[PDB]
C-alpha cells in the first residue's frame, strides 16, 4: 500500500494503479468501533473490481492504519467525508465511482450530495444510517460483542454476520488482530468515549436528517445503485427497501439490487453475483 499526508493526517491507501477511471472503495465501521475495519476487509473486491476500473481503497479517518482526527471537533461524519474528499483531491481523482459499504455508504452519499463535480457514480451497500426504521427487529452488535470469548473476536464477528459463510484467511486474521491490539485502537476507543455524546452522535442524527431532507428535495445528483443482501442480520432488508424508496423519490437514475442467501457482507457471501451486477452498473 501507500501512505500520503492528508491535511496533517497520515493516510494509508491501495491503488491499482491502472489507466482507467477511478473506483473509490469506502469501508464500514467507525473510529473507536469494537471491530477494527480497514482496506483488507474488502477482501477479493480489491482485485475483482480491477475488471471495471482503477480500484482505490482508503482506510477511513481513525481506522485501519490512518491516524485519528487532529481535533475533537473532527469526530463527526462531515469530517470523515471531508477526509475522503481531501484524499481524493490530493490524488487528482476525476471521474470517480464511489462504492460505500455500511457507514462508508453514508460517507459516500455525503460526498455525492456535496461534491457532484467530483463524482460520476454512487454505489451504496448495506448502509442503514439514513434508512427508515424497521417496524420491529436491532441489538446485533451488542450481542456479537457479548458472545465473543483477539483473533477469536474477529473470527466470531465474521462467522456471526455471514450467511453464505466462508472462513477468513489467516493473513487477514493476523492483520486485524494487529489492528485490534494496536496503540491506535486503544486511543480510538478512548477518543470515542471522550467525544461520542458531544460530537459524533449529534453529527450522526443531523447527518440523517440532512440526507433525508436532500432526498426529499432534489435527490442524489448522480446515478445510484443500492445493493443489499436479503438475509442481512444487522441491517434488515426492510431498511434497504425503505432507503431505496427514499432515494427513488427524486433520483431518477437509481436502482435496487437484492441478493438472496447473503448477509451484511454481500460481496463476501455472493461474490460472483455482486461482481457481475455492480460491475455492469459501473460499466455503463
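Numbering follows the first chain given and starts at 1.
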Unresolved deposited positions lying between residue 174 and residue 175 come to none
What lies unmodelled of the deposited sequence between residue 149 and residue 150 amounts to 1 to 3
Taking the deposited Cα B-factors and averaging over 87 to 95 and over 128 to 136, the higher mean is found in 128 to 136
The stretch whose C-alpha atoms carry the larger average B-factor in the entry, 104 to 112 or 154 to 162, is 154 to 162
Comparing C-alpha B-factors across 252, 226, 230, 46 in this entry, the winner is 252
From the entry's CA B-factor values, the highest among 55, 61, 39, 216 is 216
Chain-relative C-alpha B factor for residue 247 (record values, thirds): the middle
The third of the chain into which the C-alpha temperature factor of residue 74 falls is the lowest
Residue 189: CA B-factor among chain residues, third -> lowest
Of the three thirds of the chain ranked by Cα temperature factor, residue 6 occupies the lowest
Of the three thirds of Cα B-factor ranks in this chain, residue 277 occupies the lowest
